[PDB]
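Chemist: Questions regarding the structure given below will be posed in turn.
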Amino acid sequence: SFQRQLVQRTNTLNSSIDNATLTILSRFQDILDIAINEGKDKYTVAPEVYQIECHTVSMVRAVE
Amino acid sequence: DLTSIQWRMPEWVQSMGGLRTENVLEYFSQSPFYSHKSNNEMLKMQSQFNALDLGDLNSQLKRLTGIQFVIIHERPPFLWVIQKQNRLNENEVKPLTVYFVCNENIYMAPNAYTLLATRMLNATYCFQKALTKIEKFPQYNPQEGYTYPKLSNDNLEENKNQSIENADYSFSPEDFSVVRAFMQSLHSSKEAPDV
Amino acid sequence: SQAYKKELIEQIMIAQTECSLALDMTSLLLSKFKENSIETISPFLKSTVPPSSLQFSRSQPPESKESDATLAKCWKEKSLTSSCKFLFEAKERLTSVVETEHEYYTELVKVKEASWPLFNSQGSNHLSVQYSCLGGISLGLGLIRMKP
Amino acid sequence: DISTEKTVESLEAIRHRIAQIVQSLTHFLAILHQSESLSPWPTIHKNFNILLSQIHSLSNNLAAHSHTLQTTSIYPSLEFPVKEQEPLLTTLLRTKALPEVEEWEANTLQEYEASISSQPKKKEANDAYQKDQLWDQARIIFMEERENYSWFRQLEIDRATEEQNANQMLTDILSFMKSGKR
């Protein structure tokens with residue numbers, strides 16, 4: 001039918017939107033979880049850096 | 001520094017007629033890893049003085065608490081395991097760092113977490129490098145996808161499927177075609193006489 | 001060109017090796033009894049010696065240098081600075097992209113204001129004009145090529 | 001003795017993580033091999049996300065068990081001849097970091113000590129503790145604040161009822177043309 005086509009399309013649009021926004025906000029939100037420094041093992045710090053950069057790239061990507 | 005570093009005195013071991021039981025401990029005495037505080041040291045002093053006042057090893061070691069390097073295991077004529085320990089009681093003892101004869105060589109036993117985290121370090125570092133090399137490279141444009149600017153094109157010859165049906169007459173790139181097939185047909189043909 | 005993936009292959013490969021050694025030594029470590037990990041090792045290693053070479057050793061944490069704690073700070077601060085520079089740079093290039101953006105669809109407004117048919121193309125993604133709107137016989141289309 | 005079981009189990013999980021990440025590496029190279037040109041970006045970024053999921057899963061896997069991992073040490077047992085495997089087992093004993101990595105570490109310490117030169121007796125790690133607490137508060141306020149904001153019409157569904165009565169009305173009018181009945 002003519003209706004459900006535009007409707008489901010709208011569903012796709014809203015889906016992509018909420019997914020992108022939620023992506024950005026999530027990636028930023030977890031950086032604060034990564035933000036902790038003191039008390040960590042020297043090795044444990046290392047992955048977290050790459051995690052920061054990857055979260056940032058994920059943010060800019062969802063922006064795209 | 002006192003970890004993975006190698007050490008050896010092959011002329012010594014060759015001089016000994018090969019390691020046996022006490023003499024391999026003497027080889028540990030040869031080692032930089034050897035401690036003056038070790039019960040083996042003061043027992044060595046006891047051999048220098050009391051001499052006769054000695055009883056094998058463990059019967060002499062276990063009753064004399066302190067730093068020790070008991071031979072828990074061995075693999076003649078190659079490996080010889082030597083566990084460090086610290087006696088407290090007739091029963092109680094603290095296990096300590098392994099040292100061993102890695103064929104006329106001595107290496108301290110690595111901690112598991114240190115090397116697992118080491119490899120994790122190496123991997124995550126390769127990941128950081130993996131990200132940094134390609135950052136600032138996907139020249140994005142919403143209109144044109146993830147462009148990668150280049151000196152020249154070929155080389156090799158979302159749901160945006162919508163377009164007018166018949167199209168023709170029309171235009172639509174076809175930015176390039178067959179030009180690769182020119183020269184490649186030429187080289188496939190240059191080998192033709194060879195074929 | 002290509003050298004990026006060409007080097008990246010070396011990077012991921014070497015990292016995969018560095019990890020594979022862990023996978024193997026640990027598989028040997030847990031194959032001391034269970035068959036679950038002996039299956040996973042490379043035959044080249046299984047060809048050497050039967051596993052369970054490793055054994056427990058309860059000996060100290062042991063200890064850590066204070067400078068490592070300084071590294072924990074130094075890495076993270078640089079990472080955060082990299083984060084801010086990254087976000088700022090991305091805002092810059094995206095601002096330039098918007099500069100490219102406003103120029104175009106406004107032109108499309110200039111044409112649509114003059115009442116012309118408009119249609120999307122293939123993967124080229126540019127909108128295109130049905131220039132033969134007055135018609136005659138055959139259909140006609142034309143992409144509005146960007147000309148920086 | 002009992003803790004050895006803790007090791008076998010925690011590493012039962014960690015080896016699984018290693019299987020996951022190495023398998024991801026195999027799949028990743030398997031993707032890059034498919035390309036003759038450069039691989040498309042989105043798949044690549046997706047791959048890095050898979051990576052982050054894995055390494056984060058492993059760091060999480062380290063847990064309190066990591067302390068137990070610290071307690072342990074690596075030595076060959078009686079079961080293992082070193083007749084030819086010695087050169088490779090030494091590689092297995094190699095807890096040493098990649099030389100470029102430690103080189104980078106010296107590159108970090110040299111400049112931190114350079115900061116110490118520019119700032120002799122001005123340690124701030126202690127202040128950085130309460131600042132980390134500031135991250136701890138800022139994150140919580142950041143979480144709670146987002147919920148305050150709005151986040152996402154049956155009448156449009158009712159439009160279908162409009163089409164419905166329009167349809168029955170069509171049945172009515174066709175009945176009319178058929179018969180003139182009203």
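Each chain of the structure tokens is named A, B, ... in the order shown, its residues numbered from 1; ligands are numbered from 1 in display order.
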Give me, as a PyMOL selection string, the residues of stretch 77-135 of chain B that a backbone DSSP run labels strand (DSSP E or B).

Modeler: chain B and resi 79+81-87+93-101+106-108+111

Chemist: Chain B residues within 9 Å of chain D, counting only C-alpha atoms: which ones, as a PyMOL selection string?

Modeler: chain B and resi 4+73-75+78-79+81+97-100+102-103+107-122+124-125+127+131+138+146+155-156

Chemist: Just give me the gap between atom CA of residue B:128 and atom CA of residue A:49 in Å, one decimal is fine.

Modeler: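 Spanning atom CA of residue B:128 to atom CA of residue A:49 is a straight-line distance of 8.0 Å.
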
Chemist: Would you mind listing what lies within 12 Å of residue C:132 as a ChimeraX atom specification, with only C-alpha atoms counted and same-chain residues fewer than 6 positions away left out?

Modeler: /B:169-170 /C:116-118,138-142

Chemist: Find the residues around residue A:23 up to 8 Å (only C-alpha atoms counted), leave out those fewer than 3 positions away in its own chain, and share them as a short mmCIF file (atom, residue, chain, number, x, y, z; two decimals) with N, CA, C and O atoms, in the first residue's frame.

Modeler:
```cif
data_model
loop_
_atom_site.label_atom_id
_atom_site.label_comp_id
_atom_site.auth_asym_id
_atom_site.auth_seq_id
_atom_site.Cartn_x
_atom_site.Cartn_y
_atom_site.Cartn_z
N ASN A 19 19.91 5.64 16.24
CA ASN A 19 21.10 4.82 16.35
C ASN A 19 22.36 5.66 16.30
O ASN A 19 23.31 5.41 17.04
N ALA A 20 22.36 6.67 15.44
CA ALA A 20 23.53 7.53 15.31
C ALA A 20 23.74 8.37 16.57
O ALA A 20 24.85 8.47 17.10
N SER A 26 26.83 7.50 23.48
CA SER A 26 27.36 6.34 24.19
C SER A 26 28.87 6.36 24.18
O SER A 26 29.52 6.16 25.21
N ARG A 27 29.44 6.61 23.00
CA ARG A 27 30.89 6.62 22.87
C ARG A 27 31.51 7.72 23.71
O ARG A 27 32.58 7.54 24.27
N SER A 58 34.43 6.89 16.39
CA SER A 58 33.06 6.40 16.27
C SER A 58 32.08 7.55 16.35
O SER A 58 31.07 7.58 15.63
N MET A 59 32.41 8.52 17.19
CA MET A 59 31.55 9.69 17.33
C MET A 59 31.52 10.47 16.03
O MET A 59 30.44 10.75 15.49
N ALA A 62 29.48 8.72 13.41
CA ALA A 62 28.03 8.83 13.52
C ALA A 62 27.60 10.23 13.10
O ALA A 62 26.51 10.43 12.55
#
```

Chemist: Excluding residue B:106 and its own-chain neighbours fewer than 6 positions away, which residues fall within 9 Å of it when counting only C-alpha atoms? Please give them as a PyMOL selection string.

Modeler: chain B and resi 4-8+28+31+33+99-100

Chemist: Select, as a CSV table (one decimal) with N, CA, C and O atoms, in the first residue's frame, those residues of chain C with any atom no more than 8 Å from chain B (distances computed using only C-alpha atoms).

Modeler:
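Done, and the output landed in out.csv:
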```
chain,number,residue,atom,x,y,z
C,1,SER,N,49.3,5.0,-2.8
C,1,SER,CA,48.2,4.0,-2.7
C,1,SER,C,48.6,2.7,-2.1
C,1,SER,O,49.8,2.3,-2.2
C,4,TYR,N,49.2,1.7,2.6
C,4,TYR,CA,48.5,1.8,3.9
C,4,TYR,C,48.0,0.4,4.3
C,4,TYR,O,48.3,-0.1,5.4
C,8,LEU,N,49.6,-2.1,7.0
C,8,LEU,CA,48.6,-2.5,8.0
C,8,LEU,C,48.6,-4.0,8.1
C,8,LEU,O,48.4,-4.5,9.2
C,11,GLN,N,51.2,-5.0,10.3
C,11,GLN,CA,51.0,-4.6,11.7
C,11,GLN,C,50.0,-5.6,12.3
C,11,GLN,O,50.3,-6.1,13.4
C,12,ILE,N,48.9,-5.9,11.7
C,12,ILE,CA,47.9,-6.8,12.2
C,12,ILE,C,48.5,-8.2,12.2
C,12,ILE,O,48.2,-9.0,13.1
C,15,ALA,N,51.0,-8.4,15.2
C,15,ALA,CA,50.2,-8.4,16.4
C,15,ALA,C,49.5,-9.7,16.6
C,15,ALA,O,49.4,-10.3,17.7
C,16,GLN,N,49.1,-10.3,15.5
C,16,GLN,CA,48.4,-11.6,15.5
C,16,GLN,C,49.4,-12.7,15.9
C,16,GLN,O,49.0,-13.7,16.5
C,18,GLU,N,52.0,-12.1,17.9
C,18,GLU,CA,52.3,-11.8,19.3
C,18,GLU,C,51.2,-12.4,20.2
C,18,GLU,O,51.5,-12.8,21.3
C,19,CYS,N,50.0,-12.3,19.7
C,19,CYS,CA,48.9,-12.9,20.4
C,19,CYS,C,48.8,-14.4,20.3
C,19,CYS,O,48.4,-15.1,21.2
C,22,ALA,N,50.7,-16.3,22.7
C,22,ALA,CA,50.0,-16.3,24.0
C,22,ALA,C,48.9,-17.4,23.9
C,22,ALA,O,48.8,-18.2,24.9
C,57,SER,N,53.6,-21.5,40.2
C,57,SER,CA,54.7,-21.0,41.0
C,57,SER,C,54.2,-19.8,41.8
C,57,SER,O,54.1,-18.7,41.2
C,58,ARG,N,53.9,-20.0,43.0
C,58,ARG,CA,53.4,-18.9,43.9
C,58,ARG,C,54.5,-18.1,44.4
C,58,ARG,O,55.1,-18.4,45.5
C,59,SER,N,54.8,-17.0,43.7
C,59,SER,CA,56.0,-16.2,44.1
C,59,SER,C,55.8,-14.7,43.9
C,59,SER,O,56.2,-14.2,42.8
C,60,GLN,N,55.2,-14.0,44.8
C,60,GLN,CA,55.2,-12.5,44.8
C,60,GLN,C,54.4,-11.9,43.7
C,60,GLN,O,54.1,-12.6,42.7
C,97,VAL,N,33.2,21.0,4.8
C,97,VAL,CA,32.3,20.2,4.1
C,97,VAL,C,30.9,20.9,4.0
C,97,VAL,O,30.3,20.8,3.0
C,119,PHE,N,15.9,14.3,-10.6
C,119,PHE,CA,16.0,12.9,-10.3
C,119,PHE,C,17.3,12.4,-9.9
C,119,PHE,O,18.3,12.8,-10.4
C,120,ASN,N,17.4,11.5,-8.9
C,120,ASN,CA,18.6,10.9,-8.4
C,120,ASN,C,19.2,9.9,-9.4
C,120,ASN,O,18.5,9.4,-10.2
C,121,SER,N,20.5,9.8,-9.4
C,121,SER,CA,21.2,8.9,-10.3
C,121,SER,C,21.6,7.6,-9.7
C,121,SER,O,21.0,7.2,-8.7
C,122,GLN,N,22.6,6.9,-10.2
C,122,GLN,CA,23.0,5.6,-9.7
C,122,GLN,C,23.8,5.7,-8.4
C,122,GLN,O,23.3,6.3,-7.4
C,123,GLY,N,25.0,5.2,-8.4
C,123,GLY,CA,25.9,5.4,-7.3
C,123,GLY,C,26.6,6.7,-7.3
C,123,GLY,O,27.3,7.0,-6.3
C,124,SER,N,26.5,7.4,-8.4
C,124,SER,CA,27.1,8.7,-8.5
C,124,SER,C,26.5,9.7,-7.5
C,124,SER,O,27.1,10.7,-7.2
C,125,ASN,N,25.2,9.5,-7.1
C,125,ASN,CA,24.6,10.1,-6.0
C,125,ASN,C,24.2,11.6,-6.2
C,125,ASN,O,23.4,12.1,-5.4
C,126,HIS,N,24.7,12.2,-7.2
C,126,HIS,CA,24.3,13.6,-7.6
C,126,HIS,C,22.9,13.6,-8.1
C,126,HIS,O,22.4,12.7,-8.8
C,138,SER,N,12.6,11.9,-27.3
C,138,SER,CA,13.4,11.1,-26.3
C,138,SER,C,13.5,11.8,-25.0
C,138,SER,O,13.5,13.0,-24.9
C,139,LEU,N,13.7,11.0,-23.9
C,139,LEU,CA,14.0,11.6,-22.6
C,139,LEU,C,15.4,12.1,-22.6
C,139,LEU,O,16.2,11.7,-23.4
C,140,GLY,N,15.6,13.0,-21.7
C,140,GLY,CA,17.0,13.5,-21.5
C,140,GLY,C,17.3,13.8,-20.0
C,140,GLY,O,16.4,14.4,-19.3
C,141,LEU,N,18.5,13.5,-19.6
C,141,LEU,CA,18.9,13.7,-18.2
C,141,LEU,C,20.3,14.3,-18.2
C,141,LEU,O,21.1,14.2,-19.2
C,142,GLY,N,20.7,15.0,-17.1
C,142,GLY,CA,22.0,15.5,-17.0
C,142,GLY,C,22.3,15.8,-15.5
C,142,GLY,O,21.6,16.6,-14.8
C,143,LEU,N,23.4,15.1,-15.0
C,143,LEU,CA,23.9,15.4,-13.6
C,143,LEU,C,24.4,16.8,-13.5
C,143,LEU,O,25.0,17.3,-14.5
```

Chemist: Just list as a PyMOL selection string whatever in stretch 4-172 of chain B DSSP marks as helix (DSSP H, G or I).

Modeler: chain B and resi 10-15+22-30+39-49+58-61+112-132

Chemist: Write the selection just made, keeping N, CA and C atoms, as a compact mmCIF listing (two decimals), in the first residue's frame?

Modeler:
```txt
# COMPACT_ATOMS: atom_id res chain seq x y z
N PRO B 10 80.39 -21.45 30.27
CA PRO B 10 80.47 -22.81 29.72
C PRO B 10 81.75 -23.55 30.09
N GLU B 11 82.86 -22.82 30.21
CA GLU B 11 84.13 -23.42 30.57
C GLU B 11 84.07 -24.01 31.97
N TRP B 12 83.26 -23.39 32.82
CA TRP B 12 83.08 -23.88 34.18
C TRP B 12 82.37 -25.23 34.17
N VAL B 13 81.23 -25.28 33.50
CA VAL B 13 80.43 -26.50 33.45
C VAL B 13 81.19 -27.62 32.77
N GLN B 14 81.97 -27.25 31.75
CA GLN B 14 82.82 -28.21 31.07
C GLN B 14 83.92 -28.69 32.01
N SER B 15 84.36 -27.81 32.90
CA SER B 15 85.39 -28.14 33.88
C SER B 15 84.89 -29.08 34.96
N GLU B 22 75.24 -31.25 43.77
CA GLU B 22 75.80 -30.14 44.54
C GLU B 22 76.55 -29.18 43.64
N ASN B 23 77.24 -29.73 42.64
CA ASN B 23 78.02 -28.93 41.72
C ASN B 23 77.16 -28.00 40.87
N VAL B 24 75.94 -28.42 40.54
CA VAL B 24 75.03 -27.53 39.84
C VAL B 24 74.62 -26.37 40.74
N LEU B 25 74.52 -26.63 42.04
CA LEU B 25 74.26 -25.57 43.00
C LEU B 25 75.46 -24.64 43.04
N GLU B 26 76.64 -25.22 42.83
CA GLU B 26 77.86 -24.44 42.72
C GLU B 26 77.79 -23.55 41.49
N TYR B 27 77.15 -24.06 40.43
CA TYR B 27 76.94 -23.26 39.24
C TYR B 27 75.99 -22.13 39.53
N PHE B 28 75.04 -22.38 40.43
CA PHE B 28 74.17 -21.30 40.86
C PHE B 28 75.00 -20.28 41.63
N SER B 29 76.01 -20.76 42.35
CA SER B 29 76.91 -19.86 43.06
C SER B 29 77.69 -19.04 42.05
N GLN B 30 77.94 -19.63 40.88
CA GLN B 30 78.59 -18.92 39.79
C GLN B 30 77.72 -17.78 39.29
N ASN B 39 70.88 -19.28 52.57
CA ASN B 39 71.32 -20.23 53.57
C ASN B 39 72.47 -21.05 53.02
N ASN B 40 72.51 -21.22 51.70
CA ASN B 40 73.61 -21.92 51.05
C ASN B 40 74.94 -21.22 51.27
N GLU B 41 74.90 -19.90 51.44
CA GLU B 41 76.12 -19.14 51.68
C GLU B 41 76.70 -19.42 53.07
N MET B 42 75.86 -19.27 54.09
CA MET B 42 76.31 -19.52 55.46
C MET B 42 76.62 -21.00 55.67
N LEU B 43 75.91 -21.87 54.97
CA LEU B 43 76.25 -23.29 54.97
C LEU B 43 77.58 -23.55 54.28
N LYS B 44 77.89 -22.75 53.27
CA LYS B 44 79.18 -22.83 52.61
C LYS B 44 80.28 -22.41 53.57
N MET B 45 79.96 -21.41 54.39
CA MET B 45 80.88 -20.96 55.42
C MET B 45 81.08 -22.08 56.43
N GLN B 46 79.99 -22.78 56.72
CA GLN B 46 80.03 -23.90 57.65
C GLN B 46 80.90 -25.03 57.11
N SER B 47 80.87 -25.21 55.80
CA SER B 47 81.75 -26.17 55.16
C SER B 47 83.20 -25.71 55.23
N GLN B 48 83.41 -24.40 55.15
CA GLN B 48 84.75 -23.85 55.26
C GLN B 48 85.31 -24.00 56.68
N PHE B 49 84.41 -24.05 57.66
CA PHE B 49 84.83 -24.21 59.05
C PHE B 49 84.52 -25.61 59.57
N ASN B 58 68.54 -30.83 51.78
CA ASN B 58 67.27 -30.46 52.40
C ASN B 58 67.25 -30.68 53.91
N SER B 59 67.92 -31.73 54.37
CA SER B 59 68.02 -31.98 55.81
C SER B 59 68.84 -30.88 56.45
N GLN B 60 69.75 -30.31 55.67
CA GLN B 60 70.57 -29.19 56.10
C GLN B 60 69.87 -27.86 55.88
N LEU B 61 69.08 -27.78 54.82
CA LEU B 61 68.38 -26.54 54.48
C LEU B 61 67.11 -26.31 55.28
N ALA B 112 53.28 -14.65 34.80
CA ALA B 112 52.30 -14.82 33.74
C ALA B 112 51.68 -13.49 33.34
N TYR B 113 51.24 -12.74 34.33
CA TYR B 113 50.55 -11.49 34.07
C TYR B 113 51.44 -10.49 33.36
N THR B 114 52.73 -10.51 33.68
CA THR B 114 53.66 -9.56 33.10
C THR B 114 53.82 -9.73 31.60
N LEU B 115 53.84 -10.97 31.14
CA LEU B 115 54.03 -11.24 29.72
C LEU B 115 52.72 -11.29 28.96
N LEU B 116 51.64 -11.69 29.62
CA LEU B 116 50.34 -11.62 28.98
C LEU B 116 49.99 -10.16 28.74
N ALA B 117 50.25 -9.34 29.75
CA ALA B 117 50.04 -7.91 29.63
C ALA B 117 51.08 -7.29 28.71
N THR B 118 52.23 -7.94 28.59
CA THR B 118 53.24 -7.47 27.64
C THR B 118 52.77 -7.63 26.21
N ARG B 119 52.27 -8.82 25.90
CA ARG B 119 51.75 -9.09 24.58
C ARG B 119 50.52 -8.24 24.32
N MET B 120 49.75 -7.99 25.37
CA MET B 120 48.59 -7.12 25.26
C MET B 120 49.05 -5.71 24.93
N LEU B 121 50.20 -5.34 25.49
CA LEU B 121 50.80 -4.04 25.23
C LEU B 121 51.22 -3.94 23.78
N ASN B 122 51.84 -5.00 23.29
CA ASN B 122 52.37 -5.00 21.94
C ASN B 122 51.23 -4.91 20.95
N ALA B 123 50.16 -5.64 21.27
CA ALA B 123 49.00 -5.70 20.40
C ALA B 123 48.29 -4.36 20.37
N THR B 124 48.03 -3.80 21.55
CA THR B 124 47.30 -2.54 21.62
C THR B 124 48.13 -1.43 21.01
N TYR B 125 49.45 -1.56 21.08
CA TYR B 125 50.32 -0.57 20.47
C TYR B 125 50.21 -0.66 18.96
N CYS B 126 50.16 -1.89 18.45
CA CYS B 126 49.98 -2.10 17.03
C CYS B 126 48.63 -1.56 16.59
N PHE B 127 47.67 -1.57 17.51
CA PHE B 127 46.34 -1.05 17.24
C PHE B 127 46.34 0.47 17.19
N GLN B 128 47.10 1.08 18.09
CA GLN B 128 47.23 2.53 18.11
C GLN B 128 47.86 2.99 16.82
N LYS B 129 48.94 2.32 16.45
CA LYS B 129 49.62 2.63 15.20
C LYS B 129 48.70 2.37 14.03
N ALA B 130 47.86 1.34 14.16
CA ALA B 130 46.93 0.98 13.11
C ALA B 130 45.91 2.08 12.90
N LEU B 131 45.56 2.77 13.97
CA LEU B 131 44.55 3.81 13.87
C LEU B 131 45.17 5.11 13.37
N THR B 132 46.33 5.44 13.93
CA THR B 132 46.99 6.71 13.63
C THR B 132 47.45 6.86 12.18
```

Chemist: Which distance in Å separates atom CA of residue D:60 and atom CA of residue D:130, to one decimal?

Modeler: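 The value is 24.3 Å.
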
Chemist: Using only C-alpha atoms and a distance of at most 7 Å, pull out the residues of chain A that contact chain C, as an MDAnalysis selection string.

Modeler: chainID A and resid 37 42 45 49 53 56

Chemist: Would you give me, as a tab-separated table, each residue of chain A having an atom within 7 Å of an atom of chain B, along with its shortest atom pair and that distance in Å to one decimal, using only C-alpha atoms and sorting by chain and residue number?

Modeler:
```
residue	atom	partner	partner_atom	distance
A:43	CA	B:117	CA	5.9
A:46	CA	B:121	CA	6.5
A:47	CA	B:124	CA	5.5
A:50	CA	B:128	CA	5.5
```

Chemist: Go ahead and dump the residues you just picked, C-alpha atoms, as a short mmCIF file (atom, residue, chain, number, x, y, z; two decimals), in the first residue's frame.

Modeler:
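Contents of the output file selection.cif:
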```cif
data_model
loop_
_atom_site.label_atom_id
_atom_site.label_comp_id
_atom_site.auth_asym_id
_atom_site.auth_seq_id
_atom_site.Cartn_x
_atom_site.Cartn_y
_atom_site.Cartn_z
CA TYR A 43 49.58 -2.27 31.19
CA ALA A 46 47.44 1.13 27.33
CA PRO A 47 44.32 -0.41 25.74
CA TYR A 50 43.20 3.16 21.87
#
```

Chemist: Which value, in Å to one decimal, gives the distance between atom CA of residue D:34 and atom CA of residue B:180?

Modeler: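 Atom CA of residue B:180 lies 20.4 Å from atom CA of residue D:34.
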
Chemist: Would you list the contacts of residue D:61 as a PyMOL selection string, taking every protein, DNA or RNA residue within 10 Å and counting only C-alpha atoms, but skipping same-chain residues closer than 4 positions in sequence?

Modeler: chain D and resi 10-11+13-14+17+55-57+65-66

Chemist: Any chance you could export the current selection's C-alpha atoms as a tab-separated table (two decimals), in the first residue's frame?

Modeler:
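Output (result_13.tsv):
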```tsv
chain	number	residue	atom	x	y	z
D	10	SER	CA	40.18	-17.52	34.55
D	11	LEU	CA	42.53	-18.45	31.74
D	13	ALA	CA	37.96	-17.53	29.82
D	14	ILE	CA	41.00	-15.52	28.74
D	17	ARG	CA	38.99	-14.14	24.52
D	55	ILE	CA	40.32	-5.98	24.16
D	56	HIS	CA	37.82	-4.39	26.50
D	57	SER	CA	36.35	-7.83	27.11
D	65	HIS	CA	41.94	-13.00	38.79
D	66	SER	CA	44.67	-10.83	37.32
```

Chemist: Tell me the residues of chain D close to chain A, meaning within 10 Å using only C-alpha atoms, as a count of residues only.

Modeler: 36
